[PDB]
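Trainee: The structure's right below; bear with me while I get my questions together.
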Amino acid sequence: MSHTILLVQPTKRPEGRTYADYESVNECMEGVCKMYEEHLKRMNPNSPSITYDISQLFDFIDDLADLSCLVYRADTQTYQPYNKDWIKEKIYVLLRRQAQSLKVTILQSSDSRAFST
Amino acid sequence: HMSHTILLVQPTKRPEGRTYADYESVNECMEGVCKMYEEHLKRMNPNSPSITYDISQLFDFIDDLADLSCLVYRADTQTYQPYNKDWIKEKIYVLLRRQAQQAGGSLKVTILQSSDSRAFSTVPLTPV
């Protein structure tokens, strides 16, 4: 549970550079998936449940122009930098733990998640 | 110092306006804030070849910002160090004074809409 800032450059256009912050690494990592999930929720609005492989999640991330995060360390009172591929792993670790090839299904009816293998 | 610096901006309370830029050094990030205020003037005054602001005008415009922080890389820990709005304003106060030096009371900055470089002029007392 540490303050986490996320640097998102979606397209090569630098005016897209944006950021959000979260109370922990976890809801930052969930913040990324919720960015991809809102993208699928918007692509398929009439779909009640949208399923995606975790590879299409990483595919979306890979296509982002830039993604990085900054995690607070109370002992030094700074922010540690981790790059995109790091973030993808924490999302892999987060979604894998959430379940118990990974397949996530986006149940819009509940703003919740479900999994498969 | 001259380490990688990230600038976190937020003009209005509306978070969709959040953005960031990064710079090779702290001093190039501080100029980025000045240039952020400057171009806001140049766009407001497209018919004035030059515009001059007091440094305190640069500080009010920064208070208006919903949020403005910056992060400075630190090799000893390999981490980015946070700095709030006050720190940035003081760093700008110091940097522009040294830049005016090499060229109450307060400082006036004169920029040409053509250029990014600054011309400085010191003022006897500070405004109301």
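The chains in the structure tokens are called A, B, ... from first to last as shown; in each chain the residues are counted from 1, and the ligands are counted from 1 in the order shown.
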Hey, could you make a per-residue contact list for chain A against chain B with 7 Å as the cut-off, showing the nearest pair of atoms and its distance in Å to one decimal, counting only C-alpha atoms, sorted by chain and number, as JSON lines?
Mentor:
{"residue": "A:17", "atom": "CA", "partner": "B:19", "partner_atom": "CA", "distance": 5.3}
{"residue": "A:18", "atom": "CA", "partner": "B:19", "partner_atom": "CA", "distance": 4.1}
{"residue": "A:19", "atom": "CA", "partner": "B:19", "partner_atom": "CA", "distance": 6.1}
{"residue": "A:78", "atom": "CA", "partner": "B:81", "partner_atom": "CA", "distance": 4.8}
{"residue": "A:79", "atom": "CA", "partner": "B:80", "partner_atom": "CA", "distance": 5.1}
{"residue": "A:80", "atom": "CA", "partner": "B:79", "partner_atom": "CA", "distance": 4.7}
{"residue": "A:81", "atom": "CA", "partner": "B:79", "partner_atom": "CA", "distance": 6.5}
Trainee: Restricting it to N, CA and C atoms, dump the selection as an mmCIF file, in the first residue's frame.
Mentor:
data_model
loop_
_atom_site.group_PDB
_atom_site.id
_atom_site.type_symbol
_atom_site.label_atom_id
_atom_site.label_comp_id
_atom_site.auth_asym_id
_atom_site.auth_seq_id
_atom_site.Cartn_x
_atom_site.Cartn_y
_atom_site.Cartn_z
ATOM 1 N N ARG A 17 0.195 12.559 -23.407
ATOM 2 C CA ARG A 17 0.822 12.237 -22.132
ATOM 3 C C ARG A 17 -0.081 12.649 -20.983
ATOM 4 N N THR A 18 -0.465 11.678 -20.164
ATOM 5 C CA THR A 18 -1.359 11.916 -19.044
ATOM 6 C C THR A 18 -0.883 11.085 -17.861
ATOM 7 N N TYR A 19 -1.575 11.221 -16.735
ATOM 8 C CA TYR A 19 -1.195 10.461 -15.556
ATOM 9 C C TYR A 19 -2.388 10.330 -14.624
ATOM 10 N N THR A 78 10.683 8.567 -1.634
ATOM 11 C CA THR A 78 10.828 8.890 -3.050
ATOM 12 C C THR A 78 9.847 8.017 -3.833
ATOM 13 N N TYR A 79 10.067 7.894 -5.141
ATOM 14 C CA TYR A 79 9.231 7.062 -6.003
ATOM 15 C C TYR A 79 10.130 6.186 -6.862
ATOM 16 N N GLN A 80 9.917 4.870 -6.799
ATOM 17 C CA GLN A 80 10.759 4.007 -7.622
ATOM 18 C C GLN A 80 10.154 3.850 -9.013
ATOM 19 N N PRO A 81 10.970 3.963 -10.062
ATOM 20 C CA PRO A 81 10.455 3.783 -11.422
ATOM 21 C C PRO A 81 10.496 2.337 -11.886
#
Trainee: Can you tell me, as an MDAnalysis selection string, which residues in chain A count as strand (DSSP E or B) by DSSP?
Mentor: chainID A and resid 4:9 18:22 49:53 66:73 78:82 103:107 112:116
Trainee: Extract, using only C-alpha atoms, all DNA, RNA and protein residues at most 10 Å from residue 116 of chain A, discarding same-chain residues fewer than 5 positions from it, and format them as a ChimeraX atom specification.
Mentor: /A:51,53,99-105
Trainee: Please save N, CA, C and O atoms of the selected residues as a compact mmCIF listing (two decimals), in the first residue's frame.
Mentor:
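In the end it all went to out_8.txt:
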# COMPACT_ATOMS: atom_id res chain seq x y z
N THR A 51 -14.99 -11.11 -23.25
CA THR A 51 -13.89 -11.96 -22.83
C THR A 51 -12.64 -11.61 -23.63
O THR A 51 -12.71 -11.37 -24.84
N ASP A 53 -8.26 -12.72 -23.82
CA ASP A 53 -7.04 -13.35 -23.33
C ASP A 53 -6.12 -12.29 -22.75
O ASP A 53 -6.13 -11.13 -23.18
N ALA A 99 -7.79 -14.98 -10.21
CA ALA A 99 -8.52 -16.15 -10.68
C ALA A 99 -8.80 -17.11 -9.53
O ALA A 99 -9.95 -17.54 -9.32
N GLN A 100 -7.77 -17.47 -8.77
CA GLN A 100 -7.94 -18.37 -7.63
C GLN A 100 -8.66 -17.67 -6.48
O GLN A 100 -9.89 -17.69 -6.41
N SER A 101 -2.76 -20.36 -19.96
CA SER A 101 -3.41 -19.19 -20.52
C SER A 101 -4.57 -18.72 -19.65
O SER A 101 -5.47 -19.51 -19.32
N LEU A 102 -4.56 -17.45 -19.29
CA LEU A 102 -5.63 -16.85 -18.51
C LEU A 102 -6.58 -16.10 -19.42
O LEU A 102 -6.15 -15.36 -20.31
N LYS A 103 -7.87 -16.29 -19.19
CA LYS A 103 -8.92 -15.63 -19.97
C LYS A 103 -9.78 -14.83 -19.01
O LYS A 103 -10.36 -15.39 -18.07
N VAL A 104 -9.83 -13.52 -19.23
CA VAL A 104 -10.64 -12.62 -18.42
C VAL A 104 -11.92 -12.33 -19.18
O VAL A 104 -11.90 -12.15 -20.40
N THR A 105 -13.04 -12.31 -18.47
CA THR A 105 -14.32 -11.93 -19.05
C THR A 105 -14.87 -10.72 -18.30
O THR A 105 -14.81 -10.67 -17.06
Trainee: Report, in Å with one decimal, the straight-line distance from atom CA of residue 4 of chain A to atom CA of residue 50 of chain A.
Mentor: 28.2 Å
Trainee: Mind checking which residues fall within 8 Å of residue 108 of chain A, counting only C-alpha atoms, ignoring those fewer than 5 positions away in the same chain, and posting them as number ranges by chain?
Mentor: A: 41, 48-50
Trainee: Counting only C-alpha atoms, figure out which residue out of A:34, A:95, A:43, A:66 gets nearest to residue 82 of chain A.
Mentor: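 Closest to residue 82 of chain A, using only C-alpha atoms: A:66.
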